[PDB]
Protein chains: 2
Amino acid sequence: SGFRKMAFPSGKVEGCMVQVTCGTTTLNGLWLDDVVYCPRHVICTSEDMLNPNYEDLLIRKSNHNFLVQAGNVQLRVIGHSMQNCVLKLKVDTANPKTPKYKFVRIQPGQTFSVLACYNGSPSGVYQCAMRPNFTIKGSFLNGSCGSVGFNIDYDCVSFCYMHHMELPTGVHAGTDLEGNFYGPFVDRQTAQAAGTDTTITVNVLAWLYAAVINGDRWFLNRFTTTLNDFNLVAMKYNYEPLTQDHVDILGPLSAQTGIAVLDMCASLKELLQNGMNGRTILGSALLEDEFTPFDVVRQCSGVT
Amino acid sequence: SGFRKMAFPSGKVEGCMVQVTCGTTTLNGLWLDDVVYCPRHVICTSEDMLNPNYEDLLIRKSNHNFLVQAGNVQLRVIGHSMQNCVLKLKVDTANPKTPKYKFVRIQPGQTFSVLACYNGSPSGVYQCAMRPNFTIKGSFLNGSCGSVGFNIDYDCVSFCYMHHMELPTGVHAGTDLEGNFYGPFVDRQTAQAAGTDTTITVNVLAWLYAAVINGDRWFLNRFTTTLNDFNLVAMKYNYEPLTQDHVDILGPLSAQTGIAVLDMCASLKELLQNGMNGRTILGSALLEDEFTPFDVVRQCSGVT
Ligand SMILES: O=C1[C@H](c2ccc(Cl)cc2)CCCN1c1cncc2ccccc12
Ligand SMILES: O=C1[C@H](c2ccc(Cl)cc2)CCCN1c1cncc2ccccc12
C-alpha cells in the first residue's frame, strides 16, 4: 500500500543525455543512434530572441559550429537539419547506450516523467502531466532546455517531450521529438497566453479510486449521479468534461473497488460543492489530477 | 522557476538491482562489488514470520539455496552471512556497473530517493523523507522488499535505506545498508507502534523560502517572532522544535530572499494559527515538509 508521485526509472534516458553548444549558447541534447536532437533556439543569441528567423540564423551555421559533448567525449557532427523547432545533428558515432525507442506525441491529461538536465548531465527526475492547456507545470531553470519527457513500456522508451521554454507565467512549454510544439506556443521571446488550465477529471477520479484502494474512504457517499448532471458541476468548477471513454478507461478501477464510476462521480461532485472541510485524501488537501488510470493501475499492481 | 518533488536520477542504482530467491520467497537485492545485500527475511516463510529465529533459520540454509539473478544471468553464491537484519551473499563476480558508493545512516527529516523494484527489476522512482518517527510514507507492494533509498553526490551513491516491511498502519519500515532498522521496528510480523509523526519544521521553512523564490509570497506577513515563541506554537501543532542549527542551515535561503529566518517563522506561525483559507503554496493546500534546505538550494540552483 501507499500512493506516491512516481516517475519511471531514468537510467535508459540518462545514457542519451549530451551537451550541445552552439556559439555562446549551451543546452541539452538527446543522442539516439547517430542523431542528436535539441531545441533549435541553440543557434540564437539573447539579442535575436525577440524575433528569430531560424532559416536565416541556421544558414550562418556550419557542422563544426555545433559542439556536441557526451560526458567527456566530443562527437563529430557530419550533418545538421531543422525539423520544425528542433535541430537534428548527425554525428559520426551511434550511441552505444541507445535503448529501444519511439517518438510519440502524447495527449493532454497524459502523464510522463521528466529528466531535468544541465550541461548534458541529469540532475533530477519527476512525474508530471501535459496540462489541458498544453503547458507543463515543471521545475526548470536556465540551462534545462533539451531536457526530455518520456514513458517506458518494459524496455521501450517513448519520448514525448522536449523542453524549450518557460512562459512569463512560470509554466513550461516544449515540443514532441519531431519539433512540434504542444499548444499554440512559438519559440519566440514574446507575450504568449497559456490559456485556461482545467482539471483532468478522469485523473482526479482515478486518484479517488487509488485512495479507496489504499484505505482513505471518508469521501465516499450514499449518492449517485449521471454523466450530464456531473458534467454541469465539472463545467462550473473548470473540470474537463467527462466522456463515456473516460468512464470505460476507469472500468478496471471500478471493478477492483466495486464502486461504479457514476457513484465515484457523485462523491467527487460533493467534494467540489463542499470542499474537504480540512481533511486530506492520500496525504493531500486538494484533488490531484496528475495520475492517469494507467498510472493508478500500474502503481497498485506493480508493473516493472 | 517551478518547484517539484524531484528524485535523483536512478540509473546508477538500477545497475545494482538483482533478484534474490530463497526457497519460495523472492525479493530485491543490491549488488555492489562481489556482495548482494538483501533483507534477511528472504529465508523466512509466511508460517515462521510471527516469531523467526533467524540464526536457526539461516543454519538450515546453504550457499546454493540462495538464487541471485541479475537481469537474466545467475550469480554464483560463494559465501553468505547475516549482519543485523540483512544478508550479505558473496558472489563470484563483481558488478561491472558498481558505481562509487557509501553506506550512510541518515537522520530523521532527511530526504532520499527510492527506486521501487519487483523481482530485481526497477519500476518507479520517487522522493521521500525519513519521518521523525523513523518510518517512511512510501509506495510499496508485496515484492518491493530490498528496494533501496539513496542520495547522489556528483558520481557517488550514498545508500541509506533498504525496504523490509509495511506496518499495519500502511507506512513503511526498513534498515540502513548495515541491517540496522531505523526506529524501534523488528523484522517480525507483530503489532508494532510507529509512534507520533511530527512535521519537519526546518523542511516546511525551506519549502516556504522555495515558494518566495518562485513567486508565491501571499503568506508573507508584517510580523516577526522569536525561537521560543515560535516553538510554543510548533509544540501545539506537533511540529519539530526549531533549533539554532536549523536557523543556521536556513541561512543561505534567508540570504537569497532577504527574509530573516524569524520573520519566516512568524509567517509560518500565522499559517498554523489561521490555516490557508482555501489558498495554495507551490500548488499545495498543505504545508510541505519533504524538502530539506539542501534540496531547495539544489533545485533552485541546478546542481548536476
Ligand atoms: O525560457 C527560456 C528562455 C527562452 C526564450 C526564448 C525562447 Cl525562443 C526560448 C527560450 C532562454 C533560455 C532558457 N529558458 C528557460 C527555460 N526553462 C526554465 C527557465 C528558467 C529561468 C529562465 C529561463 C528558463
Ligand atoms: O511487510 C511485508 C511482509 C513482512 C512481514 C513480516 C516481516 Cl518480518 C517482513 C515483511 C511480507 C513481505 C512483504 N511485505 C510488504 C512490504 N511492503 C509493502 C507491502 C504491501 C502489501 C503487503 C506486503 C508488503
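Laboratory data are not the source of any read-out in this text; all were calculated from the coordinates shown. Ideal geometry is used to build each Cβ from the backbone, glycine not excepted, and the neighbour counts take in all protein chains shown.
Figures for the structure shown
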{"read-out": "Distance between modelled label sites at residue A:153 and residue A:83, nm, 7 Å Cα→Cβ extension", "value": "1.9"}
{"read-out": "Kirkwood hydrodynamic radius of chain A, from inverse mean 1/r over distinct Cα pairs, in Å", "value": "20.8"}
{"read-out": "Order of B:267, B:121 - criterion: other Cβ atoms within 10 Å of each residue's Cβ, fewest first", "value": "B:121, B:267"}
{"read-out": "Top positive-direction residue, dipole computed over the stretch A:15-99 with Cβ charges, set A:89, A:70, A:54", "value": "A:70"}
{"read-out": "Distant-in-sequence amide H partners of residue B:75 (H built 1.01 Å from N, under 5 Å)", "value": "B:68, B:69, B:70"}
{"read-out": "Residue B:100/residue A:238 FRET efficiency (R0 41 Å; Cβ-Cβ; nearest 0.05)", "value": "0.25"}
{"read-out": "Entries of A:90/A:137; A:137/B:137; A:269/B:269; A:100/B:88; B:5/B:269 with Cα pairs more than 29 Å apart", "value": "A:90/A:137; A:269/B:269; A:100/B:88"}
{"read-out": "Under 5 Å, built H, 5+ apart or other chain: amide partners of residue A:87", "value": "A:38, A:40"}
{"read-out": "Cα-centred dipole magnitude for chain B, charges only on beta-carbon of K, R (+1) and D, E (-1), debye, nearest 20", "value": "380"}
{"read-out": "Overall form of the stretch A:198-301 per C-alpha gyration tensor (a/c, 1.5; a/b vs b/c)", "value": "rounded"}
{"read-out": "Label distances, nm, residue A:25 versus same residue in remaining copies, Cβ-directed 7 Å point", "value": "5.7"}
{"read-out": "Overall form of the protein assembly as shown per C-alpha gyration tensor (a/c, 1.5; a/b vs b/c)", "value": "rounded"}
{"read-out": "J(HN,Hα) series, the stretch A:293-298, from Karplus relation 6.51 cos²θ - 1.76 cosθ + 1.60, nearest Hz, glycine and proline x", "value": "x, 5, 5, 4, 4, 4"}
{"read-out": "Beta bridges per DSSP with both ends in the protein assembly as shown, % antiparallel, nearest 5", "value": "90"}
{"read-out": "Charge dipole (the stretch A:198-301, unit charges on Cβ, about Cα centre) - positive-most of A:278, A:206, A:246", "value": "A:278"}
{"read-out": "Helical mean residue ellipticity (222 nm; -39500 (n - 2.57) per DSSP H run of 4+; nearest 500) of the protein assembly as shown", "value": "-6000 deg cm²/dmol"}
{"read-out": "Separation in nanometres of the label points that stand 7 Å from Cα toward Cβ, at residue B:47 and residue B:217", "value": "6.9"}
{"read-out": "In Hz, Karplus ³J(HN,Hα) per residue of the stretch A:159-170 (6.51, -1.76, 1.60; θ = phi - 60°; x = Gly, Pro)", "value": "7, 10, 10, 9, 6, 10, 7, 10, 7, x, 7, x"}
{"read-out": "3J(HN,Hα) from dihedral phi, the stretch B:149-155, Karplus parametrisation 6.51/-1.76/1.60, rounded to Hz, x for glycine, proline", "value": "x, 8, 10, 10, 10, 6, 10"}
{"read-out": "Shape call, the stretch A:15-99: gyration tensor on alpha carbons, a/c limit 1.5", "value": "prolate"}
{"read-out": "For chain B: relative contact order, % (alpha-carbon pairs under 8 angstrom, 6 or more apart)", "value": "17"}
{"read-out": "Debye, to nearest 20: dipole size of the protein assembly as shown, +1 on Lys, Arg Cβ, -1 on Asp, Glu Cβ", "value": "360"}
{"read-out": "Separation in nanometres of the label points that stand 7 Å from Cα toward Cβ, at residue A:141 and residue A:63", "value": "3.6"}
{"read-out": "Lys, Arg +1 and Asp, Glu -1 on Cβ, resulting dipole of the stretch A:1-151 about Cα centre, debye, nearest 20", "value": "580"}
{"read-out": "Dipole of the stretch B:125-245, positive end: most advanced residue of B:164, B:125, B:235 [Cβ charges, Cα centre]", "value": "B:235"}
{"read-out": "Cβ-vector label at 7 Å, residue B:83, separations to other copies in nm", "value": "4.9"}
{"read-out": "Calculated Rg and Dmax of the stretch A:118-177 using C-alpha coordinates, Å", "value": "11.7, 37"}
{"read-out": "Listed residues B:83, B:244, B:192, most fluctuating in chain B (Gaussian network, C-alpha, under 10 Å)", "value": "B:244"}
{"read-out": "Nearest-0.05 FRET efficiency for residue A:294 and residue A:93, computed from C-beta distance (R0 56 Å)", "value": "0.95"}
{"read-out": "Most mobile of A:28, A:274, A:221 in a GNM of chain A (Cα contacts under 10 Å)", "value": "A:274"}
